[PDB]
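Structure data (PDB, C-alpha atoms) from upload.pdb:
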```
MODEL        1
ATOM      1  CA  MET A   1     -11.425  13.624  -3.642
ATOM      2  CA  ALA A   2      -8.737  12.747  -6.282
ATOM      3  CA  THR A   3      -6.453  12.446  -3.153
ATOM      4  CA  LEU A   4      -7.144   9.206  -1.150
ATOM      5  CA  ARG A   5      -5.852   8.641   2.431
ATOM      6  CA  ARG A   6      -6.565   5.588   4.695
ATOM      7  CA  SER A   7      -5.137   4.640   8.141
ATOM      8  CA  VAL A   8      -5.174   1.393  10.274
ATOM      9  CA  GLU A   9      -4.438   0.514  13.977
ATOM     10  CA  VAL A  10      -1.677  -2.187  14.180
ATOM     11  CA  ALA A  11      -0.976  -3.974  17.533
ATOM     12  CA  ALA A  12       2.881  -3.778  17.070
ATOM     13  CA  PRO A  13       5.933  -1.306  16.895
ATOM     14  CA  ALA A  14       6.151   0.671  13.526
ATOM     15  CA  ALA A  15       9.673  -0.658  12.599
ATOM     16  CA  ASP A  16       8.383  -4.313  12.531
ATOM     17  CA  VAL A  17       5.589  -3.173  10.125
ATOM     18  CA  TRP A  18       8.160  -1.353   7.843
ATOM     19  CA  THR A  19      10.004  -4.755   7.620
ATOM     20  CA  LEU A  20       6.671  -6.006   6.041
ATOM     21  CA  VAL A  21       5.266  -3.078   3.845
ATOM     22  CA  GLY A  22       8.644  -1.474   2.957
ATOM     23  CA  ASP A  23      10.135  -4.094   0.551
ATOM     24  CA  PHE A  24       7.720  -3.048  -2.354
ATOM     25  CA  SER A  25       8.483  -6.382  -4.220
ATOM     26  CA  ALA A  26       7.403  -8.482  -1.165
ATOM     27  CA  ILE A  27       3.910  -6.905  -0.741
ATOM     28  CA  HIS A  28       2.440 -10.483  -1.324
ATOM     29  CA  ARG A  29       3.604 -11.250   2.336
ATOM     30  CA  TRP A  30       0.664  -9.160   3.804
ATOM     31  CA  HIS A  31      -1.615  -7.871   1.003
ATOM     32  CA  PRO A  32      -4.069 -10.746  -0.083
ATOM     33  CA  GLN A  33      -5.174  -9.056  -3.407
ATOM     34  CA  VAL A  34      -1.514  -9.065  -4.647
ATOM     35  CA  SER A  35      -1.382 -12.017  -7.153
ATOM     36  CA  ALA A  36       2.483 -12.113  -6.969
ATOM     37  CA  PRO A  37       4.347  -9.058  -8.606
ATOM     38  CA  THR A  38       7.437  -9.324 -10.942
ATOM     39  CA  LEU A  39      10.306  -7.011  -9.807
ATOM     40  CA  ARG A  40      12.190  -5.570 -12.874
ATOM     41  CA  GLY A  41      15.782  -4.128 -12.484
ATOM     42  CA  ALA A  42      17.227  -1.470 -10.029
ATOM     43  CA  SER A  43      16.619  -3.670  -6.813
ATOM     44  CA  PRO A  44      13.299  -3.208  -4.713
ATOM     45  CA  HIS A  45      15.037  -0.986  -2.047
ATOM     46  CA  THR A  46      16.516   1.339  -4.776
ATOM     47  CA  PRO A  47      14.299   4.286  -6.194
ATOM     48  CA  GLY A  48      13.433   2.965  -9.730
ATOM     49  CA  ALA A  49      12.362  -0.755  -9.544
ATOM     50  CA  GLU A  50       9.010  -1.878 -11.189
ATOM     51  CA  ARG A  51       6.535  -4.591  -9.923
ATOM     52  CA  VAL A  52       4.192  -6.365 -12.488
ATOM     53  CA  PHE A  53       1.201  -8.154 -10.795
ATOM     54  CA  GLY A  54       0.497 -11.559 -12.492
ATOM     55  CA  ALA A  55       2.879 -10.906 -15.492
ATOM     56  CA  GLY A  56       1.068 -13.462 -17.749
ATOM     57  CA  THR A  57      -2.673 -12.564 -17.705
ATOM     58  CA  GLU A  58      -5.275 -10.266 -19.444
ATOM     59  CA  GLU A  59      -5.417  -8.083 -16.228
ATOM     60  CA  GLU A  60      -1.914  -7.068 -14.918
ATOM     61  CA  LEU A  61      -0.747  -4.001 -12.899
ATOM     62  CA  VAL A  62       2.672  -2.355 -13.609
ATOM     63  CA  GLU A  63       3.929  -0.128 -10.719
ATOM     64  CA  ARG A  64       7.298   1.746 -10.333
ATOM     65  CA  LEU A  65       9.202   2.916  -7.178
ATOM     66  CA  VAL A  66       9.816   6.754  -7.361
ATOM     67  CA  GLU A  67      11.693   7.226  -4.015
ATOM     68  CA  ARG A  68      12.199   5.250  -0.736
ATOM     69  CA  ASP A  69      13.033   6.239   2.895
ATOM     70  CA  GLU A  70      14.089   3.230   5.105
ATOM     71  CA  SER A  71      14.665   5.221   8.384
ATOM     72  CA  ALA A  72      11.621   7.566   7.824
ATOM     73  CA  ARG A  73       9.273   4.551   7.016
ATOM     74  CA  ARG A  74       8.146   6.535   3.875
ATOM     75  CA  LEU A  75       7.610   4.570   0.550
ATOM     76  CA  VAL A  76       6.645   6.516  -2.683
ATOM     77  CA  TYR A  77       5.664   4.818  -5.997
ATOM     78  CA  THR A  78       3.519   5.394  -9.161
ATOM     79  CA  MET A  79       1.570   3.301 -11.761
ATOM     80  CA  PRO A  80       3.396   3.854 -15.221
ATOM     81  CA  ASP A  81       0.798   1.403 -16.708
ATOM     82  CA  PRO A  82      -2.558   1.823 -14.720
ATOM     83  CA  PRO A  83      -5.888  -0.044 -15.691
ATOM     84  CA  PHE A  84      -7.840   2.968 -14.198
ATOM     85  CA  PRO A  85      -8.434   6.109 -16.512
ATOM     86  CA  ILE A  86      -5.989   8.611 -14.809
ATOM     87  CA  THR A  87      -3.106  10.952 -15.993
ATOM     88  CA  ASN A  88      -0.444  11.401 -13.208
ATOM     89  CA  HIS A  89      -0.523   8.792 -10.341
ATOM     90  CA  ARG A  90       1.382   9.256  -7.016
ATOM     91  CA  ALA A  91       1.132   6.977  -3.867
ATOM     92  CA  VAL A  92       2.925   6.842  -0.428
ATOM     93  CA  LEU A  93       3.254   4.226   2.435
ATOM     94  CA  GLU A  94       3.887   5.898   5.889
ATOM     95  CA  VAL A  95       3.865   3.824   9.137
ATOM     96  CA  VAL A  96       3.210   6.428  11.906
ATOM     97  CA  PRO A  97       4.073   5.204  15.537
ATOM     98  CA  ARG A  98       1.373   6.187  18.166
ATOM     99  CA  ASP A  99       2.780   4.059  21.084
ATOM    100  CA  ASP A 100       5.592   1.400  21.358
ATOM    101  CA  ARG A 101       2.930  -1.388  20.884
ATOM    102  CA  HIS A 102       0.539   0.627  18.598
ATOM    103  CA  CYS A 103       1.294   2.109  15.105
ATOM    104  CA  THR A 104      -1.069   3.725  12.554
ATOM    105  CA  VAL A 105      -0.175   2.573   8.968
ATOM    106  CA  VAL A 106      -1.316   5.321   6.535
ATOM    107  CA  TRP A 107      -1.655   4.386   2.798
ATOM    108  CA  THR A 108      -2.111   7.470   0.509
ATOM    109  CA  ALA A 109      -2.998   7.478  -3.286
ATOM    110  CA  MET A 110      -3.526  10.717  -5.335
ATOM    111  CA  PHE A 111      -4.178  10.688  -9.136
ATOM    112  CA  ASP A 112      -5.274  13.164 -11.889
ATOM    113  CA  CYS A 113      -8.679  11.541 -12.687
ATOM    114  CA  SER A 114     -12.060  12.946 -13.934
ATOM    115  CA  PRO A 115     -14.660  13.740 -11.033
ATOM    116  CA  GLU A 116     -17.364  11.066 -11.970
ATOM    117  CA  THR A 117     -14.637   8.321 -12.166
ATOM    118  CA  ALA A 118     -12.659   9.724  -9.137
ATOM    119  CA  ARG A 119     -15.635   9.291  -6.673
ATOM    120  CA  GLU A 120     -15.887   5.624  -7.856
ATOM    121  CA  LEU A 121     -12.087   5.060  -7.383
ATOM    122  CA  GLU A 122     -12.363   6.265  -3.702
ATOM    123  CA  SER A 123     -14.516   3.138  -2.948
ATOM    124  CA  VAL A 124     -12.713   0.671  -5.388
ATOM    125  CA  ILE A 125      -9.034   1.614  -4.616
ATOM    126  CA  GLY A 126      -9.629   3.024  -1.078
ATOM    127  CA  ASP A 127     -12.528   1.104   0.634
ATOM    128  CA  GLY A 128     -11.654  -1.981  -1.521
ATOM    129  CA  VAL A 129      -7.872  -2.585  -2.068
ATOM    130  CA  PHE A 130      -6.551  -0.602   0.999
ATOM    131  CA  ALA A 131      -9.396  -1.375   3.503
ATOM    132  CA  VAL A 132      -8.634  -5.085   2.830
ATOM    133  CA  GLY A 133      -4.761  -4.953   2.738
ATOM    134  CA  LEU A 134      -4.049  -2.576   5.704
ATOM    135  CA  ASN A 135      -6.674  -4.360   7.903
ATOM    136  CA  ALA A 136      -5.406  -7.943   7.129
ATOM    137  CA  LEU A 137      -1.945  -6.624   8.207
ATOM    138  CA  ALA A 138      -3.505  -5.359  11.528
ATOM    139  CA  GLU A 139      -4.986  -8.933  11.993
ATOM    140  CA  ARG A 140      -1.579 -10.792  11.598
ATOM    141  CA  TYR A 141      -0.048  -8.442  14.284
ATOM    142  CA  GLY A 142      -3.259  -9.154  16.315
ATOM    143  CA  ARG A 143      -1.245 -12.093  17.829
ATOM    144  CA  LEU A 144       0.078  -9.363  20.254
ATOM    145  CA  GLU A 145      -3.295  -7.560  21.062
ATOM    146  CA  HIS A 146      -6.583  -9.237  19.755
ATOM    147  CA  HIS A 147      -8.149  -9.809  16.262
ATOM    148  CA  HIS A 148     -10.794  -7.500  14.659
ATOM    149  CA  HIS A 149     -13.529  -7.774  11.910
ATOM    150  CA  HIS A 150     -11.846  -8.771   8.550
ATOM    151  CA  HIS A 151     -11.780  -5.610   6.296
TER     152      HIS A 151
ENDMDL
END
```
Structure rendered as structure tokens:
Amino acid sequence: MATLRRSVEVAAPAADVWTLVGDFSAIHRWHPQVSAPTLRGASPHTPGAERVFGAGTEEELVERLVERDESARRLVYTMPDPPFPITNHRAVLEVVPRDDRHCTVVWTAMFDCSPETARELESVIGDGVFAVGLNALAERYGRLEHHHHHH
């Protein structure tokens, strides 16, 4: 699949999780693989702002906010400078409330990649970057209802 979708069980209300994931610039508050991103113009809540991971190294990542929904808990961005061989990138952050104390945080990433590379990116981007970040977030809200296996 060129379209990736992952979901995690968080022991907390969805709105509290949107206060964490939503910011775009402030992803280094929960996501351990984020080596501090540099937020360029527009403001991080306004559809347009870019975030440059590292910003002084041989391996950086430049992302850009396409559109943002505060009340809907829906965060859409793209990679205008991606290190992975793709054409058009598109990714969304949707925190879906199941109960008042339980919310499923769904991270989606779809990109126009070639099949032999795309199967590899499902494990690297999906079962690597997301399966670490989403799960570490579920562990820090585990102060309400129990910890789980890291990643």
Shortest contact to residue 97 of chain A, candidates A:72, A:126, A:28, A:147, atoms counted only C-alpha atoms, goes to A:72
Evaluated on this file, the PyMOL selection byres ((chain A and resi 23) around 10) picks out some residues - which ones are they, written as a list in words?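 Output of the PyMOL selection byres ((chain A and resi 23) around 10): residues 18, 19, 20, 21, 22, 24, 25, 26, 27, 29, 43, 44, 45, 46, 68, 70 and 75 of chain A.
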Segment 140-143 of chain A, all listed atoms, 6 Å padding on each side: what axis-aligned box centre and edge lengths in Å to one decimal come out, as lines of an AutoDock Vina configuration file?
```
center_x = -1.7
center_y = -10.3
center_z = 14.7
size_x = 15.2
size_y = 15.7
size_z = 18.2
```
query: Skipping near chain neighbours, those fewer than 5 positions away, what residues fall within 10 Å of segment 55-60 of chain A using all atoms listed in the file, listed as an NGL selection string?
result: :A and (35-38 or 81-83)
Exactly which residues make up the result of the PyMOL selection byres ((chain A and resi 101) around 9) on this file, given as a list in words?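 Here the PyMOL selection byres ((chain A and resi 101) around 9) matches residues 10, 11, 12, 13, 14, 97, 98, 99, 100, 102, 103, 144 and 145 of chain A.
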*Would you be able to write out as JSON, numbers by chain which residues have an atom within 8 Å of (-10.5, 5.4, -0.1) in the file's coordinates, counting all atoms listed in the file?*
{"A": [4, 5, 6, 121, 122, 123, 124, 125, 126, 127, 128, 130, 131]}
- Can you tell me, as a PyMOL selection string, what residues are no more than 8 Å from residue 8 of chain A when counting all atoms listed in the file, ignoring any on the same chain fewer than 3 positions away? chain A and resi 104-106+134-135+138
Please compute the atom CA of residue 67 of chain A-atom CA of residue 119 of chain A distance, one decimal, in Å.
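Distance between the two atoms: 27.5 Å.
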